[PDB]
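Read left to right, the sequence shown gives residues 4618 to 4978, 4988 to 5287, 5307 to 5349, 5355 to 5386, 5396 to 5437, 5454 to 5461, 5469 to 5488, 5494 to 5513 (PDB author numbering).
Note that the Cβ used here is the ideal one computed from N, Cα and C, for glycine as well.
For reference, the structure is listed below as structure tokens.
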Amino acid sequence: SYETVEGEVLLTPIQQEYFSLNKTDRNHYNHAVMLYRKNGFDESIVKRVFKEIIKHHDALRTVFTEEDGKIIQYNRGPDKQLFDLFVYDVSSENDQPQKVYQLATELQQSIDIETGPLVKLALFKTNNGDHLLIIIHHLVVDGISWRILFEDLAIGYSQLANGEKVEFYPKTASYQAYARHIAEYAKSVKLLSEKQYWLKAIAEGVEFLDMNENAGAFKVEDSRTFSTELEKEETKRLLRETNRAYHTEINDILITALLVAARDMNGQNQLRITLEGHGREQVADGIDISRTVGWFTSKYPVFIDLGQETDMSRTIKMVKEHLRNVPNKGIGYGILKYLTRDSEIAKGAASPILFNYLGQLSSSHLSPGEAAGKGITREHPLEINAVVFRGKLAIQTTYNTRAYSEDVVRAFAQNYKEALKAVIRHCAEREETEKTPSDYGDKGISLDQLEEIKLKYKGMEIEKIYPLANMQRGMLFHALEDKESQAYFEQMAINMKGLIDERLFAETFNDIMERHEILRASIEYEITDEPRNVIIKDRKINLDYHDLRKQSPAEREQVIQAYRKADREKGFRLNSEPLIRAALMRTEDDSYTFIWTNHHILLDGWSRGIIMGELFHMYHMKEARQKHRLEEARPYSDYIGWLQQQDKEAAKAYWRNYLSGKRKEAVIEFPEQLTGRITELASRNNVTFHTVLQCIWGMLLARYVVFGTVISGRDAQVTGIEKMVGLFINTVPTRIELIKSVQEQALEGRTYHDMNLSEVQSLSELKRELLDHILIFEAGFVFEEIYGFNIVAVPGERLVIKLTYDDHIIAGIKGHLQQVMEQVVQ
């Protein structure tokens, strides 16, 4: 999909930063590489490869022109001057390194942004090989872009030398499209939600080293660079046996050493630095730039304040956590500063130091010259670059002479090396690996809060921690609001007939626990700010097995009913105790009684049936010595993560406008023809059977309006929802060709069927008086099964409606039901 772009392109924030800092001597600031080929460079081939390279990476042709102080960036067409190629013969000089350097430096300052092409070349010829110089202005290339250029040139040169036409890989999204993409993202509400974060990162300035106030503008001519290194032994410890202490990365240790060094000399536990990101991860789902050539570097500040904490074991954790809390990898700050132009953002203090860790690591031996001008202004007095060349960490320290003296910077570099060694030895000698809140998936937990959760659940390994779903949160809030501690219990008794191996049933039961993590979850609401699901790794639940075969069935039933009464009396204390309890008692040889109790938070009735079915399937596979066949279970955390993904402020808007205004049972069976007739009416109107029956109930309510309907809550766009275990059941209110009109009412709420009823009625005038009732629509061993106003309807050949009320009025309810479901059909 090769294309070509031409015309105005918006300035990316990195480009806008370049023009703001550099107002004079902006002509030459380049990215230069020297290459050596033993057999020599064919002048015909190199000028043809670069001709195709430039028109394939359209950023290289762009031009920056000025109009009364404003900068307009234009992308030139392929027909204009693409590059300048110069060829030199330094074979006979006998002082080639001197001659090539002076030639390369002169050509490196010849770039005119307004007129000249931004790519210029210099081929040097020697009797012992040829050298090619590639100079590209930094406004159209970065570190990753040159890696792309090298691959295309290597493929292009090899294939062109073999006679074939040059054809590169298909072009990705243009830099012009990328610039317009981030500019559109500049006014998105998602980015503007990060203003308070970046305000904190720039609110205060760090004194750091003693700086000369009269340094003026920091420049390249006033900047010196020296490097310090760690020996191989200590560098080996950092790479291998350091990250294991707290599950950190190499960048965490180096940044921590920066704070430790500043802590020892400045006395403050606060440090502000600027970090460089490659800026190639898409901010919003859309344009990708995997192969696009351009300047995608994104700079953002990070301000770390540890208060009074000096225990460096704690320091490493909270420094790692602070780096884990940067939103969108820091791309937001650059967009917010230059594309949104927030005045508060533009007034932040300058970061005293710029830090960047490149990572781990034919080429020519001749220098390419100075790639930057002496008049180029640099916004950071200090720059630190850390690289491991062979096996040793080389710390390249760049400082401005006018800002800091040489001895001061070398002193800072030396004790930063000492501070780094202090951090390395602390992690190397660490015995046990300490997990961090970001490692558990929830970075909203403080270090102390995690320790209390660990302390509360001591003796148990925590697997994952994530917040409760809004369905679970509503359940817990009225669970603490004691409703006699009876509405939160789901207790059933299921007897089964057959010969059961006790260990296999327990093992099959435990395999269910591992399969569904929510059953192993314990609710935490006191330690954390919000209720949070704490999942224990090896949390088992004991299936207490008592035989009691040798007694009368009436005597057995007395013990069975006593246990059902006794365990219901116990309740759920939520004191770090499992919320699932099951008992297996053996009435006789092939007749058991299995009772199951659970808290409403963990699962619903739909999930309850799934567990029983999976338990039935897996156990029989155990008997046959054949592995079970079953779909992979999707974690309940994925649904919660999706739930937190989409915003529900519009969901609140949806419901607020919608709302503007002794146990007895009875069974009603209708003729099969009557049930069949209304089903035909639903099909002809393209209206669901749920919708048509809602209208028939709604019209009656007008004579006595909005009523409550129970929904599975399993329509979310998460894979495997229908077969995953969790709390998805919900009751939602519905307000009432009429069947067609409310048919689209159901689909409008389909997107917003995820919030609890208690918060929906808060948007209503009647509040708790909104709903008076609910409407419900429905060799081994074998199974067998044994509000105060709810209505249940069961479809089938004959319509059956079961109504429970906690007397002749009931007859009147039935009589009017059948009389009104007759006139409309005819």
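Report task. Indicate whether at least one CB of chain C lies closer than 8 Å to the CB of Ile5361. Result -> No chain C appears in the structure shown, which is made up of a single protein chain.
Query raised in the report: Roughly how many angstroms lie between the CA atoms of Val4910 and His4895, to the nearest whole one?
Result: Using only the alpha carbons, I get a separation of about 12 Å.
Query raised in the report: Curious, which full-length alpha helix (DSSP H) runs of at least 4 residues does the stretch 4900-4942 contain?
Result: Within the stretch 4900-4942, the runs of alpha helix (DSSP H) that reach at least 4 residues and sit entirely inside it are, in chain order, 4929-4941.
**Report entry** Run of the alpha helix (DSSP H) containing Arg4880, from where it starts to where it stops
**Finding:** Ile4867 to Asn4883 is the extent of the alpha helix (DSSP H) around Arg4880.
Query - Nearest-angstrom Cα separation, counted from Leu5269 out to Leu5416 - result: About 16 Å.
Query raised in the report: Should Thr4873 and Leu5019 be called a contact, given that it needs their Cβ atoms to be closer than 8 Å?
Result: Taking 8 Å as the cut-off, the beta carbon of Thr4873 is found no closer than this to the beta carbon of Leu5019.
Query - Buried or exposed (CB count within 10 angstroms, at least 16 for buried), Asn4656 - result: With fewer than 16 neighbouring CB atoms inside 10 Å of its own CB, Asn4656 falls in the exposed class.
Query - Where the beta strand (DSSP E) through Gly4976 begins and ends - result: Segment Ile4970 to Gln4977, the beta strand (DSSP E) holding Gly4976.
Query raised in the report: Do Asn4647 and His4755 come within 8 Å of each other at the CB atom, strictly closer than that value?
Result: Going by C-beta atoms, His4755 is nearer than 8 Å to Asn4647.
Report task. Could you spell out the range, first to last residue, of the alpha helix (DSSP H) harbouring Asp5074? Result -> Per DSSP, the continuous alpha helix (DSSP H) segment holding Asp5074 begins and ends at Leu5073 to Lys5082.
Query - Short Cβ contact (8 Å threshold) for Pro4695 with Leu4956 - result: No, Cβ-Cβ distance for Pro4695 and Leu4956 is not below 8 Å.
Requested in this report: Select from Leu4876, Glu4893, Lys5163 and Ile5050 the residue whose C-alpha is nearest the C-alpha of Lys5080.
Outcome: Distances from the alpha-carbon of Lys5080 to those of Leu4876, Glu4893, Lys5163 and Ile5050 put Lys5163 closest.
Query raised in the report: For residue 4985, is the classification buried or exposed, using 16 other Cβ atoms within 10 angstroms of its Cβ as the cut-off for buried?
Result: Between 4978 and 4988, the chain has no modelled residues, and residue 4985 is one of the positions in that gap.
Report task. Note down, in chain order, each residue of its chain lying with its Cβ closer than 6 Å to the Cβ of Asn4886, except the 5 sequence neighbours on either side. Result -> Within the same chain, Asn4886 has close Cβ partners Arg4880 and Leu4923.
Query raised in the report: First and last residue of the beta strand (DSSP E) that includes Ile4890?
Result: Note, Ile4890: beta strand (DSSP E), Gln4887 to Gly4894.
Query raised in the report: Going by DSSP, which residues form a beta bridge with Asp4706?
Result: Looking at the DSSP output, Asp4706 shares a beta bridge with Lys4742.
**Report entry** Run of the alpha helix (DSSP H) containing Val5356, from where it starts to where it stops
**Finding:** For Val5356, there is no enclosing alpha helix (DSSP H); the residue is part of the beta strand (DSSP E) that begins and ends at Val5356 to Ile5361.
Query raised in the report: Are at least three pairs of beta-carbons, each pair with one atom in the stretch 5234-5243 and one in the stretch 5128-5147, less than 8 Å apart?
Result: Cβ pair count under 8 Å is three or more, so yes.
Report task. Quick one: give me the first and last residue of the alpha helix (DSSP H) that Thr5384 is part of. Result -> Segment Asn5380 to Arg5385 is the beta strand (DSSP E) holding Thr5384; no alpha helix (DSSP H) there.
Report task. Can you say whether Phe4835 is buried or exposed, counting buried as having 16 or more other CB atoms within 10 angstroms of its CB? Result -> Looking at its Cβ environment, which holds 16 or more other Cβ atoms inside 10 Å, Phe4835 is buried.
Report task. Put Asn4945 into one of helix, strand or coil per three-state DSSP. Result -> Under the three-state reduction of DSSP, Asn4945 is assigned to helix.
Query - Cβ pair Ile4819, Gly4965 closer than 8 Å - result: With a cutoff of 8 Å on beta-carbon distance, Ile4819 and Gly4965 are scored as near each other.
Query raised in the report: According to DSSP, which residues form a beta bridge with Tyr4646?
Result: As a beta-bridge residue in DSSP terms, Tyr4646 pairs with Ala4998.
Report task. Mind reading off the beta-carbon distance from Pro5157 to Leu5094? Whole number of angstroms is fine, and I expect it under 8 Å. Result -> Yes, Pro5157 and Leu5094 are in contact; Cβ-Cβ is about 4 Å, under 8 Å.
**Report entry** Distance CB(residue 5354)-CB(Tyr4795) smaller than 8 Å
**Finding:** This model leaves out residue 5354; its place in the chain lies between 5349 and 5355, and no residues are given there.
Requested in this report: Report buried or exposed for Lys4697, applying the criterion of at least 16 other Cβ atoms within 10 angstroms of its Cβ.
Outcome: Exposed, since its Cβ has fewer than 16 Cβ neighbours within 10 Å.
Requested in this report: Specify, as a first and last residue, the run of the alpha helix (DSSP H) that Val4717 falls within.
Outcome: Residue range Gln4713 to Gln4725 is occupied by the alpha helix (DSSP H) that includes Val4717.
Query raised in the report: Residues in its own chain within less than 6 Å of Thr5486 by CB, not counting five upstream and five downstream?
Result: Closer than 6 Å at the Cβ level, and outside the excluded window around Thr5486, lie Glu5310 and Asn5472.
Query raised in the report: If you pair each beta-carbon of the stretch 4668-4687 with each one of the stretch 4716-4729, do three or more pairs fall below 8 Å?
Result: In short, these stretches do not touch, since the Cβ pair count stays below three.
Query raised in the report: Going by other Cβ atoms of all chains shown within 10 Å of its Cβ, with 16 needed for buried, is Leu4871 buried or exposed?
Result: In summary, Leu4871 is buried, with 16 or more beta-carbon neighbours lying within 10 Å of its beta-carbon over all protein chains present.
Query - Three-state secondary structure assigned by DSSP to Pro5063 - result: In the structure shown, the three-state DSSP call for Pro5063 is helix.
**Report entry** Reduced DSSP category for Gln5513 - H, G, I as helix; E, B as strand; rest coil
**Finding:** In this structure, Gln5513 counts as coil in the three-state DSSP scheme.
**Report entry** For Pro5179, the three-state DSSP class (helix, strand or coil)
**Finding:** In the three-state reduction of the DSSP assignment, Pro5179 falls in the helix class, which pools H, G and I.
Report task. Grab the span of the beta strand (DSSP E) containing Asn5159 for me, first residue to last. Result -> Looking at the DSSP string, the run of the beta strand (DSSP E) that includes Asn5159 is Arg5158 to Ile5162.
Query raised in the report: From this set, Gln4633, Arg4678 and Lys4934, which residue's C-alpha is nearest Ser4791's C-alpha?
Result: It is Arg4678 whose Cα lies nearest to the Cα of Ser4791.
Report task. Can you tell me which of the three DSSP states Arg4665 falls into? Result -> Correct three-state label for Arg4665: helix.
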